[PDB]
């Protein structure tokens, strides 16, 4: 298990090929746009060494201690252990960090346990898993093709190499060129270029699955407008430390070593990779724990805002808070059933229930916008009446302490709270979180169509046919 210092030193020494506003980022650990999230990930690693959480976040195996997200679960108890680690890490950042590495470790763990799925590339998968685990490396990923002409398939874009495709194969590996649309949290040592979870690969030229060091020559991470509001924790409680960053990933004829190839030119293998291996089940397990943590944070903030300005005495405000409670319980319920109904898949890997997780990941994208709306409706103008810590420290400080106090709440505490509520919903950072929840796991339109097609609807249809037998009997 890595310490924060080791993670920071690793990035400083071999930084990912990041670009920000036309220039290469030489040191993300000190760059104003990235130092915040780097410190945050480092803190997650350090927590693994805190005696209070060591048993929760890591496990011992043959003299070594590994991060819990690498544990191949053999029992429901192990599944619960993975869940508790997901939750503890998520709580550190109020569920605002959506791409912490344990999400992808769940994917790699499942791929490794179900390695036979990959055929001749099975050993590469097992070895890669052990590599990430032993060195406790941080990962980022990109599974989608550039949004250019969505009316056409990957092979029907303006250029055959807009999506990442194989240019040629050599004795050393494969050369790829193209791009992936989005990779969140590029402050990692490795990047996973895996298949889409719900979309079809289309052509063999694009049916790929491989991993590379983020410093690989020819690999570029083009960052979008930064959403770090500032460094003050009072003024920007969240964006100052949890801005993971999103970027376009470019492959300028990048060489991928054969040992890092997991799938090559096999459309079928790409299309069922997550479902067959159980990666889908485990990555969704991390998500349900994460969204439970996020919902708990919103509940706390909503309750405090309402109490803070005396709005909690109004029935409709109480109802809005109760609504968040209902959603919180719904997520806890999915989480519980996912673990309690777990069964082994075709490769003997115990996986959390897909029914419960499909329910959670398809329901939360609908609940989140409403949870966000509730905070807006409760806070109202208090959400934009945001003086700075500098205003409190300035000449008008005394006036602010009078006009911005709340009901039995000091002004500084009140503004600190509303600054947080604002950063969770209305700052550029907060607003992005909404778009993230709506789409990170896929386009809801196609996720729902996928659920329809894969779900076994026969038992329910059969019960109706049986019930209708009495109806048709009138003609006998």
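Numbering follows the first chain given and starts at 1.
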Which has higher Cα B-factors on average according to the PDB entry: 333-341 or 390-398? 390-398
For the stretches 399-407 and 349-357, which has the higher mean C-alpha B-factor as given in the deposited record? 399-407
Reading the B-factor column for Cα atoms of 449, 433, 427, 30, the highest value belongs to 30
When the entry's CA B-factors for 281, 84, 377, 200 are compared, the highest one belongs to 200
Chain third (lowest, middle, highest) by recorded CA B-factor, residue given as residue 66: highest
Quick tally, chain-level thirds of C-alpha B-factors: residue 133 sits in the middle
Temperature factor at the Cα of residue 185, chain-ranked in thirds, falls in the middle
Among the modelled residues of this chain, does the Cα B factor of residue 39 put it in the lowest, middle or highest third? middle
Chain thirds of CA B-factor: placement of residue 413: middle
